[PDB]
Amino acid sequence: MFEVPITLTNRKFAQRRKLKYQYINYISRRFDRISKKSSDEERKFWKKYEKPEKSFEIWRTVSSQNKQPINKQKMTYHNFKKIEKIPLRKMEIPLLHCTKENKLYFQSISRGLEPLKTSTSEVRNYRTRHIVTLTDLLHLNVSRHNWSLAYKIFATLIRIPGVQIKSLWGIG
DNA sequence: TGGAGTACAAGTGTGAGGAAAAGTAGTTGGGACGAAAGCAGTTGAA
């Protein structure tokens, strides 16, 4: 349930985000050439946005000049399936080089259908399996205001290698 | 009182997946104790 302090990575997750952010670069360019009639591939993505670094989300005052008139002309299904088609053409040949469940992912996440499999569950590393165990027992006693026990879990969690700042300072 | 079609399992090739700790990929930090004198051949113009 609770967040874990692991620097966990797998090839199926390194691909499935890269399989996603490779695609998004093409469909972003395609949206602006139809707006013109009217290469890490993820390092290239975040150059469109400013990472907030103070808050989670870049919140912004509103009663100011950051306002806009509402755009009138809206989407339809006929324009959406023709603006995605040419990015869906070029994507299909790297879709057969990637693994089929990464390929099952991008087929599923492009029609809606967010993933229901959370990444810290199938990792099965036996050391992360205790790091997932301890942090769900760490928060559970802090939830239950049991402090001599949640001390003991927290003293044991910081000694297991690979744990982060996340557990460290927050519940001081 | 033999044959026509046919799902359940015994049984056989193709690649595709899984993982880690080593190495390498771009930004930023950082490296470079001296304001002395009367005097003389040349040399100023008268």
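Order of the sequence lines sets the chain letters (A, B, ...), proteins ahead of strands, with each chain counted from 1. All values below come from the heavy atoms of this structure, side chains included, with hydrogens, waters and symmetry mates left out.
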Whole angstrom value for the distance that separates [atom2] of [N] from [atom1] of [X]:
X: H97(A); N: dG17(B); atom1: NE2; atom2: P; answer: 12 Å
X: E101(A); N: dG17(B); atom1: CD; atom2: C1'; answer: 8 Å
X: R124(A); N: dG17(B); atom1: CZ; atom2: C1'; answer: 13 Å
X: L8(A); N: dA19(B); atom1: CG; atom2: P; answer: 11 Å
X: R127(A); N: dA19(B); atom1: CZ; atom2: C1'; answer: 13 Å
X: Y126(A); N: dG18(B); atom1: OH; atom2: P; answer: 23 Å

Nucleotide N/O to protein N/O under 3.5 Å, stretch nucleotides 13-16 of chain B:
residue : atom : partner : partner atom : Å
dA16(B) : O3'  : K100(A) : NZ           : 3.0

Just by the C1'-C2'-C3'-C4' torsion, is [N] north or south?
N: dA36(B); value: north
N: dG23(B); value: north
N: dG26(B); value: north
N: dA10(B); value: south
N: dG31(B); value: north

Determine whether a donor-acceptor pair (N or O, by modelled atom type, separation under 3.5 Å) exists between the side chain of [X] and the backbone of [Y].
X: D40(A); Y: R43(A); value: yes
X: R16(A); Y: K12(A); value: yes
X: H130(A); Y: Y126(A); value: yes
X: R17(A); Y: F13(A); value: yes

Please determine, by modelled atom types, if [X] and [Y] share a side-chain donor-acceptor pair under 3.5 angstrom.
X: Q65(A); Y: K67(A); value: yes
X: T99(A); Y: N102(A); value: yes
X: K48(A); Y: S28(A); value: yes

Could you tell me whether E41(A) and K18(A) make a salt bridge, using a distance below 4.0 angstrom between a side-chain N and a carboxylate O?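 Salt bridge between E41(A) and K18(A), a charged N being under 4.0 Å from a carboxylate O: no.
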Give a yes or no on whether the neighbouring nucleotides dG41(B) and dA40(B) have stacked bases (ring centres less than 5.5 Å apart, plane angle less than 30°).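 Under the 5.5 Å and 30 degree rule, these bases stack.
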Looking at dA21(B) next to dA22(B) in the strand, do their six-membered base rings stack, centres under 5.5 Å and planes under 30°?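 The answer is yes; the two bases are stacked.
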What nitrogen or oxygen pairs link the protein and nucleotides 24-29 of chain B at under 3.5 Å?
residue : atom : partner : partner atom : Å
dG26(B) : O3'  : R43(A)  : NH2          : 3.2

Given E3(A) and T135(A), is the side chain to side chain donor-acceptor pair (under 3.5 Å) satisfied, shown in steps? CA-CA 8 Å; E3(A) 190 178 1; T135(A) 61; over 6 Å; no
Does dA20(B) have its OP1 or OP2 closer than 4.0 Å to a side-chain nitrogen or oxygen of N125(A)?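 Indeed, a polar side-chain atom of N125(A) lies that close.
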